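Step one of this worksheet: look at the structure below.
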There are 4 protein chains.
Amino acid sequence: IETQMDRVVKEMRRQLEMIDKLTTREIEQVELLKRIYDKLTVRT
Amino acid sequence: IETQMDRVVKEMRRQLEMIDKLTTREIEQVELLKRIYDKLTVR
Amino acid sequence: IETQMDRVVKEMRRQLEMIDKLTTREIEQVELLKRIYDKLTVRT
Amino acid sequence: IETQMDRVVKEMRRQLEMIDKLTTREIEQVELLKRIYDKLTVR
Ligand SMILES: [Ca+2]
């Protein structure tokens with residue numbers, strides 16, 4: 001009734017979190033590319 | 001459950017926003033990757 | 001009631017579509033890194 | 001009623017198996033970027 005209706009708000013709030021740990025992993029990921037790129041422009 | 005329904009949606013449209021920036025960013029990632037990779041092929 | 005209640009399953013169907021794009025994109029990069037990784041060792 | 005609310009929760013936990021496979025996948029990218037970035041720092 002309402003009790004699965006939070007087995008819904010609950011699971012979800014855990015999805016925003018899981019999403020956020022992802023974005024900052026995208027960022028870590030990018031950082032390492034910009035840099036790794038810059039070492040290649042220069043090693044030339 | 002009428003107004004928590006309402007909350008649920010709001011939070012969902014927020015969750016797509018996020019899944020969107022993610023999607024943008026992977027596109028960028030992938031081009032840098034190919035860009036990076038081309039140069040390894042030049043040298 | 002049911003109105004807002006599918007402005008919900010609507011989102012989810014759309015959410016999971018995107019979670020599918022990424023997983024295949026991710027798949028693409030994972031083997032572009034492997035290509036670059038393989039070569040660096042060659043360029044050595 | 002409960003019928004569609006039941007669906008809702010399903011495809012939601014479906015998405016958590018997904019994003020979980022995904023993190024496990026961007027982790028494995030990150031290890032390759034480190035390891036790639038280390039290898040140049042040497043040449
Ligand atoms: Ca990535």
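Residues are named by chain letter and number: chains run A, B, ... in the order of the structure tokens, numbers start at 1 in each chain, and ligands are numbered from 1 in the order shown.
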
What are the nearest atom pairs, with distances in Å to one decimal, for all residues of chain A that come at most 10 Å from ligand 1, using only C-alpha atoms and all ligand atoms, set out by chain and rising residue number as JSON lines?
{"residue": "A:22", "atom": "CA", "partner": "ligand 1", "partner_atom_place_in_ligand_line": "1 (Ca)", "distance": 9.2}
{"residue": "A:23", "atom": "CA", "partner": "ligand 1", "partner_atom_place_in_ligand_line": "1 (Ca)", "distance": 9.6}
{"residue": "A:25", "atom": "CA", "partner": "ligand 1", "partner_atom_place_in_ligand_line": "1 (Ca)", "distance": 8.0}
{"residue": "A:26", "atom": "CA", "partner": "ligand 1", "partner_atom_place_in_ligand_line": "1 (Ca)", "distance": 5.8}
{"residue": "A:27", "atom": "CA", "partner": "ligand 1", "partner_atom_place_in_ligand_line": "1 (Ca)", "distance": 9.1}
{"residue": "A:28", "atom": "CA", "partner": "ligand 1", "partner_atom_place_in_ligand_line": "1 (Ca)", "distance": 9.6}
{"residue": "A:29", "atom": "CA", "partner": "ligand 1", "partner_atom_place_in_ligand_line": "1 (Ca)", "distance": 6.4}
{"residue": "A:30", "atom": "CA", "partner": "ligand 1", "partner_atom_place_in_ligand_line": "1 (Ca)", "distance": 8.1}

Those selected residues, please, written with N, CA and C atoms and delivered as a compact mmCIF listing (two decimals), in the first residue's frame.
# COMPACT_ATOMS: atom_id res chain seq x y z
N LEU A 22 29.24 7.24 -9.22
CA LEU A 22 29.60 7.10 -10.63
C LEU A 22 30.16 8.36 -11.24
N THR A 23 29.58 9.51 -10.87
CA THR A 23 29.94 10.74 -11.61
C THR A 23 31.36 11.09 -11.24
N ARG A 25 33.49 9.06 -10.34
CA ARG A 25 34.40 8.16 -11.03
C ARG A 25 34.57 8.54 -12.47
N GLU A 26 33.57 9.22 -13.05
CA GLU A 26 33.73 9.69 -14.43
C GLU A 26 34.80 10.78 -14.34
N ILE A 27 34.80 11.53 -13.23
CA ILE A 27 35.67 12.69 -13.16
C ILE A 27 37.09 12.20 -12.96
N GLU A 28 37.29 11.39 -11.96
CA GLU A 28 38.56 10.75 -11.84
C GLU A 28 38.98 10.27 -13.25
N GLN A 29 38.27 9.31 -13.83
CA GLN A 29 38.44 8.94 -15.23
C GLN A 29 38.86 10.06 -16.15
N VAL A 30 38.21 11.23 -16.13
CA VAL A 30 38.57 12.23 -17.16
C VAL A 30 39.89 12.85 -16.88

Which residues are close to residue 15 (chain C), i.e. within 10 Å by only C-alpha atoms, leaving aside same-chain residues fewer than 4 positions away? Reply as a compact mmCIF listing (two decimals) with N, CA, C and O atoms, in the first residue's frame.
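Done, and the output landed in around.txt:
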# COMPACT_ATOMS: atom_id res chain seq x y z
N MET B 12 12.78 11.22 -9.41
CA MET B 12 13.12 10.52 -10.66
C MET B 12 13.58 11.43 -11.76
O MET B 12 14.55 11.13 -12.44
N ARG B 13 12.91 12.55 -11.94
CA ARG B 13 13.33 13.51 -12.97
C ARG B 13 14.68 14.14 -12.63
O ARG B 13 15.38 14.68 -13.48
N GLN B 15 16.94 12.17 -11.17
CA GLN B 15 17.81 11.05 -11.44
C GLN B 15 18.12 10.95 -12.90
O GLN B 15 19.17 10.42 -13.26
N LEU B 16 17.23 11.43 -13.76
CA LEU B 16 17.57 11.41 -15.17
C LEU B 16 18.58 12.51 -15.47
O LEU B 16 19.65 12.21 -16.02
N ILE B 19 21.74 11.06 -14.98
CA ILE B 19 22.08 10.03 -15.95
C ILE B 19 22.33 10.68 -17.28
O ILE B 19 22.80 10.02 -18.23
N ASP B 20 22.05 11.98 -17.35
CA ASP B 20 22.24 12.68 -18.59
C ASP B 20 23.63 13.23 -18.62
O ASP B 20 24.34 13.06 -19.62
N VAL C 9 6.55 4.85 -14.33
CA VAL C 9 7.01 3.69 -15.11
C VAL C 9 7.51 4.21 -16.45
O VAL C 9 8.34 3.57 -17.10
N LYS C 10 6.98 5.36 -16.86
CA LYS C 10 7.43 6.08 -18.05
C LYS C 10 8.90 6.45 -17.85
O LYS C 10 9.73 6.19 -18.72
N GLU C 11 9.21 7.03 -16.70
CA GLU C 11 10.56 7.50 -16.45
C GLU C 11 11.49 6.33 -16.40
O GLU C 11 12.56 6.34 -16.98
N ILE C 19 20.65 3.76 -19.02
CA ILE C 19 21.56 2.85 -18.40
C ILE C 19 22.04 1.75 -19.37
O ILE C 19 23.13 1.21 -19.21
N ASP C 20 21.27 1.48 -20.42
CA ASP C 20 21.75 0.62 -21.47
C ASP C 20 22.71 1.37 -22.38
O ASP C 20 23.76 0.83 -22.65
N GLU D 11 11.54 -3.09 -11.80
CA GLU D 11 12.44 -2.48 -12.74
C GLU D 11 13.39 -1.50 -12.03
O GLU D 11 14.46 -1.19 -12.56
N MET D 12 13.04 -1.07 -10.82
CA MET D 12 13.97 -0.27 -10.04
C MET D 12 15.14 -1.05 -9.53
O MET D 12 16.27 -0.62 -9.67
N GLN D 15 17.51 -1.94 -12.29
CA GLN D 15 18.46 -0.88 -12.53
C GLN D 15 19.63 -0.88 -11.55
O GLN D 15 20.72 -0.41 -11.87

- Message: As an exercise, work out the distance from CA of residue 37 (chain A) to CA of residue 21 (chain C) in Å and give it to one decimal place.
- Response: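 So the answer is 25.5 Å.
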
- Message: Need to verify the contact set: residue 36 (chain D), 9 Å, only C-alpha atoms, exclusion of same-chain residues closer than 5 positions in sequence. Can you return it as a list in words?
- Response: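 Near neighbours after the sequence-gap exclusion: residues 36 of chain A; 33, 36, 37 and 40 of chain C; 31 and 41 of chain D.
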
Using the selection just defined, write its residues with N, CA, C and O atoms as an mmCIF file, in the first residue's frame.
data_model
loop_
_atom_site.group_PDB
_atom_site.id
_atom_site.type_symbol
_atom_site.label_atom_id
_atom_site.label_comp_id
_atom_site.auth_asym_id
_atom_site.auth_seq_id
_atom_site.Cartn_x
_atom_site.Cartn_y
_atom_site.Cartn_z
ATOM 1 N N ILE A 36 47.103 12.343 -19.265
ATOM 2 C CA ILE A 36 47.649 11.362 -20.182
ATOM 3 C C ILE A 36 47.672 11.902 -21.582
ATOM 4 O O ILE A 36 48.467 11.470 -22.386
ATOM 5 N N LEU C 33 40.964 1.576 -24.322
ATOM 6 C CA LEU C 33 42.068 1.548 -23.344
ATOM 7 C C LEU C 33 43.016 0.347 -23.514
ATOM 8 O O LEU C 33 44.231 0.532 -23.597
ATOM 9 N N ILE C 36 45.228 0.940 -26.419
ATOM 10 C CA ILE C 36 46.221 1.923 -26.070
ATOM 11 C C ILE C 36 47.178 1.271 -25.097
ATOM 12 O O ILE C 36 48.367 1.400 -25.222
ATOM 13 N N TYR C 37 46.671 0.552 -24.120
ATOM 14 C CA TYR C 37 47.588 -0.149 -23.233
ATOM 15 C C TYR C 37 48.503 -1.123 -23.983
ATOM 16 O O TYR C 37 49.709 -1.189 -23.712
ATOM 17 N N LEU C 40 51.480 1.122 -25.962
ATOM 18 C CA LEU C 40 52.494 1.638 -25.066
ATOM 19 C C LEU C 40 53.622 0.655 -24.736
ATOM 20 O O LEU C 40 54.804 1.023 -24.665
ATOM 21 N N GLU D 31 41.647 1.510 -13.604
ATOM 22 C CA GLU D 31 42.831 0.773 -13.268
ATOM 23 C C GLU D 31 43.683 0.760 -14.518
ATOM 24 O O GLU D 31 44.915 0.702 -14.435
ATOM 25 N N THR D 41 54.705 7.994 -17.784
ATOM 26 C CA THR D 41 55.529 8.676 -16.777
ATOM 27 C C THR D 41 56.948 8.112 -16.695
ATOM 28 O O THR D 41 57.828 8.703 -16.047
#

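Applying a distance limit of 9 Å to only C-alpha atoms, the residues of chain D near chain C read residues 1, 4, 5, 7, 8, 11, 12, 14, 15, 18, 19, 21, 22, 25, 26, 28, 29, 32, 33, 35, 36, 39, 40 and 43 of chain D.
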